[PDB]
Ligand SMILES: OC[C@H]1O[C@H](O[C@H]2[C@H](O)[C@@H](O)[C@@H](O[C@H]3[C@H](O)[C@@H](O)[C@@H](O)O[C@@H]3CO)O[C@@H]2CO)[C@H](O)[C@@H](O)[C@@H]1O
């Protein structure tokens, strides 16, 4: 392909027109044409085309670049120290992979709550408030909250709030086997989101353009979006505020924070031009201002310009939300993490899977280890005729396979109780029995029934371990719950 020109890919939500203005200035000084393109799914197309026809420079959040660098698609970035000193050190950290810089950092992006001041002068502090607020607003033909549900970037902050995480970080490194998408925190967060949908406070099909149009036309009081979205809100004249995201179970929503970054194609015959453009035209006060005026960048990596932008209270809120969430890893496994979470939310939200099934598959799809055990609890009921008769009785659980007593439990009076959970790692039939110990109390004849208890461990359609408990009186072939009846002999 023809290559005398500098080709740049950037997402269609960002200020590509401003960036083209910077490219026109560079064309004047150098005679080199700059073409800015914004194809759909550029982050996916880049590794396919990177065969010629790839861009010379690609702009995306830093999370994608480890994967690009692992596959040899990116040139190493080696700016002078004089240039490095112009950007915040934590932005360089985001583009450092195996000790090498693999992009230039541009801007820090975090999601915020965006709210309509005319509809909602006091935005909710908690997610838990949102359903009641949606009832109130529905009575006036409006909704409380619409935001993009199709992309896990937008739902993650809530899923993370109470404990969800992608990869545990420990001792300078990410453990790619320690994935946090299937824990109690993730489950609680996704369950909340799904219930909002089930209770008709949000629709499963809401995507980027639907939520943007609803907010910018005054149809919904709130949305969740990044700084790039402020420009179309300005034009719409909605009277809006940008604030901290709502809390969930008292924890902050924790957005994954992206650093918009610019990488150089390892196959580009124009590396030096690309480096000249980025360092001497774009990452200057004038360069970033031209992009930012088209669509806001967020908190920019260039210290000299960020000092001006930090006065903007929308940027203070951005940084407030950024501190509460965290900077995404840049490791190759992030792609798999994201497709995993995307599948989970769409499936749970649409009712294809339960929240537990969705996140269990997400855990594996993200590269977490297959949980290959199953547990069950054997339950006992004791029945005394008199209410308030709290006479205690005890029960034993014996393994026939191992010929020993596993556990004993006590019930005072009428009641149900369970033995502690049994764990199985392999399919088969497991044999136990349960019986009541003789009573110390001479006023009662204990039930002498013995129960045979069989646990069948089988695979379900998906290869997951399943355990079913079947219990019978030792006399019989008929199934029966484990229930003992103690007769009182005294008044
Ligand atoms: O839906 C699956 C999707 O997952 C991965 O995309 C993630 C991006 O890598 C990640 O940076 C983030 O993207 C957001 C940008 O950072 C932000 O600048 C703005 O453009 O919105 C983006 C969210 O739409 O989050 C997404 C996950 O939602 C993966 O890399 C993609 O190829 C894949 O299609």
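State whether the residues of region 90-103 include one that is in contact with a helix residue (DSSP H, G or I) (Cβ under 7 Å, 6 or more places away or on another chain), within 30 Å of residue 281 (Cα to Cα) and in a helix (DSSP H, G or I). Reasoning before the result, please.
Going residue by residue through region 90-103, those that are in contact with a helix residue (DSSP H, G or I) (Cβ under 7 Å, 6 or more places away or on another chain) are 92, 94-95, 97, 101-103.
If we keep only those that are within 30 Å of residue 281 (Cα to Cα) too, we end up with 92, 94-95, 97, 101-103.
Now narrow it down to the ones that are in a helix (DSSP H, G or I): 92, 94.
Yes, the conditions are met somewhere in region 90-103.
Which members of region 311-323 meet the condition of being out of contact with any helix residue (DSSP H, G or I) (no Cβ under 9 Å at 6 or more places or on another chain) and buried (at least 20 other Cβ atoms within 10 Å of the Cβ)?
Listed by number, the residues that qualify are 317, 322.
Against the conditions (1) touching a strand residue (DSSP E or B) at 6+ places or on another chain (Cβ under 6 Å); (2) crowded, with 19+ Cβ neighbours inside 10 Å, where does residue 229 fall short? Just the number, please.
(1)
So, of the residues in region 197-223 that are more than 16 Å from residue 142 (Cβ to Cβ), assigned to a helix (DSSP H, G or I) and more than 16 Å from the ligand (Cβ to nearest atom), which turns out to be nearest to the chain's Cα centre (by Cα)?
Selected residue: 197.
I'd like the full set of residues that are within 11 Å of the ligand (Cβ to nearest atom) and within 17 Å of residue 168 (Cβ to Cβ), limited to region 339-373.
340, 341
How many residues, within region 320-338, are within 16 Å of the ligand (Cβ to nearest atom) and assigned to a helix (DSSP H, G or I)? Break it down into steps so the answer makes sense when it comes.
First pass over region 320-338, keeping only residues within 16 Å of the ligand (Cβ to nearest atom): 321-322, 325-338.
Then drop every residue that is not assigned to a helix (DSSP H, G or I), which leaves 321-322, 334-338.
Number of matching residues: 7.
Per-residue answers, yes or no, for (1) within 13 Å of the ligand (Cβ to nearest atom); (2) over 19 Å from residue 94 (Cα atoms); (3) touching a helix residue (DSSP H, G or I) at 6+ places or on another chain (Cβ under 8 Å):
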| site | (1), (2), (3) |
| --- | --- |
| 225 | yes, yes, yes |
| 253 | no, yes, yes |
| 269 | no, yes, no |
| 280 | no, yes, no |
| 295 | yes, yes, yes |
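From the list 91, 126, which residue is surrounded by fewer than 14 Cβ atoms within 10 Å (Cβ to Cβ) and within 24 Å of the chain's Cα centre (by Cα)?
Details: 91 fails: surrounded by fewer than 14 Cβ atoms within 10 Å (Cβ to Cβ).
The match here is 126.
Which numbered condition in (1) out of contact with any strand residue (DSSP E or B) (no Cβ under 7 Å at 6 or more places or on another chain); (2) more than 13 Å from the ligand (Cβ to nearest atom); (3) not in a helix (DSSP H, G or I) is the only one that residue 149 fails?
Among (1) out of contact with any strand residue (DSSP E or B) (no Cβ under 7 Å at 6 or more places or on another chain); (2) more than 13 Å from the ligand (Cβ to nearest atom); (3) not in a helix (DSSP H, G or I), residue 149 violates only (2).
Return the residue satisfying two criteria in turn: it lies in region 8-19 and is touching a helix residue (DSSP H, G or I) at 6+ places or on another chain (Cβ under 6 Å) and assigned to a loop (DSSP other than H, G, I, E, B), and of such residues it is nearest to the ligand (Cβ to nearest atom).
Kept after step one, since they are touching a helix residue (DSSP H, G or I) at 6+ places or on another chain (Cβ under 6 Å), are these residues of region 8-19: 9-10, 13-15, 17-19.
Now narrow it down to the ones that are assigned to a loop (DSSP other than H, G, I, E, B): 10, 13-15.
Details: 10: 10, 13: 5, 14: 7, 15: 12 Å.
Among those that are touching a helix residue (DSSP H, G or I) at 6+ places or on another chain (Cβ under 6 Å) and assigned to a loop (DSSP other than H, G, I, E, B), it is 13.
Does region 20-41 contain at least one residue that is assigned to a helix (DSSP H, G or I), within 16 Å of the ligand (Cβ to nearest atom) and surrounded by 13 or more Cβ atoms within 10 Å (Cβ to Cβ)? Explain how you work it out, then say what you get.
The first filter runs over region 20-41 and keeps only residues assigned to a helix (DSSP H, G or I), leaving 20-30.
Checking the rest, the ones that are also within 16 Å of the ligand (Cβ to nearest atom) come to none.
Looking through region 20-41, none of the residues is assigned to a helix (DSSP H, G or I), within 16 Å of the ligand (Cβ to nearest atom) and surrounded by 13 or more Cβ atoms within 10 Å (Cβ to Cβ).
State all residues of region 61-80 that are within 19 Å of the chain's Cα centre (by Cα) and either more than 15 Å from the ligand (Cβ to nearest atom) or over 12 Å from residue 331 (Cβ atoms) (or both); if no residue qualifies, say none. Write out each step before concluding.
Let us first name the residues in region 61-80 that are within 19 Å of the chain's Cα centre (by Cα), namely 61-64.
Once the filter is applied, which keeps residues that are within 19 Å of the chain's Cα centre (by Cα) and either more than 15 Å from the ligand (Cβ to nearest atom) or over 12 Å from residue 331 (Cβ atoms) (or both), region 61-80 yields only 61.
So, in region 171-195, exactly how many residues are buried (at least 18 other Cβ atoms within 10 Å of the Cβ) and over 12 Å from the mean Cα position of the chain (by Cα)? Let's see the steps before the verdict.
First pass over region 171-195, keeping only residues buried (at least 18 other Cβ atoms within 10 Å of the Cβ): 176, 179-182, 185-190, 192-194.
Subset that is over 12 Å from the mean Cα position of the chain (by Cα): 176, 192, 194.
Qualifying residue count, region 171-195: 3.
Which is within 15 Å of the ligand (Cβ to nearest atom), assigned to a strand (DSSP E or B) and closer than 23 Å to residue 240 by Cβ, of 166, 107, 144? First the steps, then the outcome.
Numbers: 166 fails: closer than 23 Å to residue 240 by Cβ; 144 fails: within 15 Å of the ligand (Cβ to nearest atom).
Matching residue, one of 166, 107, 144: 107.
Since every read-out is calculated from the coordinates, none of them should be taken as a lab result. Note: ideal-geometry Cβ built from the backbone for every residue, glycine included; neighbour counts use all protein chains shown.
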